[PDB]
Structure formats: structure tokens, C-alpha cells
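Worksheet for the structure shown next.
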Amino acid sequence: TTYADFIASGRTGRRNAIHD
Amino acid sequence: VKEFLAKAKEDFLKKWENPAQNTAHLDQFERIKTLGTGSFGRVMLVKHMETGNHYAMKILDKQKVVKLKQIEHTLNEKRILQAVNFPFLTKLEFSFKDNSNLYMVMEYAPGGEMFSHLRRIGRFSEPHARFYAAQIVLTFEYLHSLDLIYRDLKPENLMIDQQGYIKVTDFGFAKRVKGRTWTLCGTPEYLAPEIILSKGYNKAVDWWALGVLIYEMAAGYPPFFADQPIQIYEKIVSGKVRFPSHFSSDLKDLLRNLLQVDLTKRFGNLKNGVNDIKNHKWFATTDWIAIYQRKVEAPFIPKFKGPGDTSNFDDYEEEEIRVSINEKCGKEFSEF
Ligand SMILES: NC[C@@H](c1ccc(Cl)cc1)c1ccc(-c2cn[nH]c2)cc1
């Protein structure tokens, strides 16, 4: 399931801003 | 609405053209706990000793700000935050600098980050998500009328107050622009296709980001995710979004018009503006004046253990607030 793929992903924690 | 905004712009411009400066000093505050962390600074719970008021103090290391090329962006933040005034923005109470750091004291929101509750609970019901979304819709209406683009909408930057209402915080990428701007900034999952494709863009990127937030709030995961940013950007530019089966007909439709790569079709970016969003069916139950006035009952209200309770925030390693005996980056941050 999509929920399962999310929770197994490395981006369920706080996401840093991007820049350059 | 139009009259309120006109008067709002009058208030803003006065403060915008003559910013408040050096309205406090570090040792007027008791530093209590780190509420969050960033690449060039941190936010602490503090107590203003003369009033006993609790505040959130953003401490930015000037040298680190310079290293990450965020000087102008940090000047934007402080200059905008001291000028604005809206119920769902964290009010900037004081700002000052010393030899080493920049300081921005804001209203403390004890309910914690939406991020925390959204991840724990898993997902929000549509009425719950709708309640938060409406406050964001109004906040962007306010900000955009002032020619301000927000550029960093995400659950991590949405604080919950004692009443369960939202306070938008972190204006590091906020910018007063008439016309296009070009800086590659934001959070990967929330980037509009324009930004990824280096097109130069306007406030429409905030409305796209609203689509991502609403989706994530309702689904419990964002519409475009992967392990690495590149994979995420590929999905965002692809032109394809799948909605969970539990998403209502109306929600799916609001999201299709928010998460629209075509600028001519993106809701918020049409001739009728933010009313395409406000008057959408998904928001039919929303009393916009009631939400602005905070007379609507919040779906979730945080636990009140007391003043300066930090139980709705995660624990971070505490770190010295070191102030050099030499002034760093004086010229760069002169106007702060
Ligand atoms: N990511 C939100 C977080 C934050 C932002 C920026 C930096 Cl440099 C560090 C941490 C944050 C956490 C809490 C508050 C807050 C404001 N008022 N009450 C809490 C604002 C931002």
C-alpha cells in the first residue's frame, strides 16, 4: 500500500528546505 | 474583504518602509528549551522576564547564514515578519542582534508542529484538514495582497496554538516581489513544477503547495514522495497524481485544480483569484469569516499542561548560545 511505502521511505521525518 | 485588505496593506507598508530594529536584548530572556532546529539556527522556548511571557526565539548564527547564502533571505524574513499582522501568522514581538547571532522573538504556540500530530495520528479527516486549509487559504490571500510570496508551506512550519488554530511560521523564503522571481528554494515535496524547471515564478507556487499540504493532511503522505529529491521532482513534473480511495469527489477535484502544472488553469492563479478556492464545493461548509474570527470549534485542541509546557514538541540536544567578543558579519546584517 502507499501508506506502507511512505512509512518505509526515508522521508517521514522532518524535511529540510533546499537551496543550492 | 477588498476593504480589509486595502487597510491591511496600509498598515504593512508603513512598517515595511520603516522597520522596527533592536527592540530587545538577549539577557531580557530566560532560555528554557530548544523547540526545533535548522541549518543556520534554532528556535527556543524563552521567558521574557519583565512580563513573564513565554515566547519562541529564533536564533540565527550570522556566520552560518552567510555560508548558506541566506543573508538577503534572512533580511526579508525579519523585515516582512515585523511588518505583517494576521491571526494565523506567528507575531514577531521583538528582534535584535549581537556579535554572533540574529534574534527573532515570536509568539509561542504550545500545540507543537502540525507535522508531529499528522505523523502520529496518521492522517486527518477531511473536515479536520479543511479546517487547517481554510486558515492557510486566508493567510495566503493576506500575504499575496501585500505582494508577499511565502514559498515554504509544509506541516513542519505550521504551529498549533492553545485554541487548536494554525500559526504559520518560518518566513526565511518569504519575499516581497511584484512580478517573477527565480530562487530555487522550498522543500522538495512542496515545489511547484515552475520552480523545479527553473522557469521563474510567482505566488501561484504557494497555491500549488497548498494542494500538496491538503493532500498530505488528508492522505497522511504527500502526493509526490520518494527516497531522494530527484525522484520526487520527476514525479512532480510528470503531470500525474493518484488520490486515495477514501478521498471525496470534491477533494479530488480541488486537488486537481490546485496541483495543476498549467498556470492558466491552476486555482488561485486565475482572473477570479482565491475565490476559485474559497467558493469551491469542498469548502462549501466553511464559514470564512468564522474561521478568521476563530469562532469555529477546532477539531483537535492541544493538551494544556500549563504555560511554557513543551510536551507537544520533540526533544533536541541543547547547545550553548555563544556570543563572540568580536562582531561577525556587521555589514551584511546592518539593517537587521
Ligand atoms: N521548522 C519549524 C521550526 C523551526 C524553524 C526554523 C528554525 Cl531555524 C528552527 C526551527 C519552528 C518550531 C517552533 C516555532 C514556534 C514559533 N512559536 N512557537 C513555536 C517556530 C518554528
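We count from 1, first residue shown onward.
Cβ from N, Cα, C; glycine included.
If you check Swiss-Prot, you get these features:
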SITE      A:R11  site 'Important for inhibition'
SITE      A:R14  site 'Important for inhibition'
SITE      A:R15  site 'Important for inhibition'
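Classification of A:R11 (site 'Important for inhibition') by DSSP places it in coil, neither helical nor stranded. Here A:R11 (site 'Important for inhibition') comes close to no residue that lies at least six apart in sequence on the same chain with a C-beta under 8 angstroms from its C-beta.
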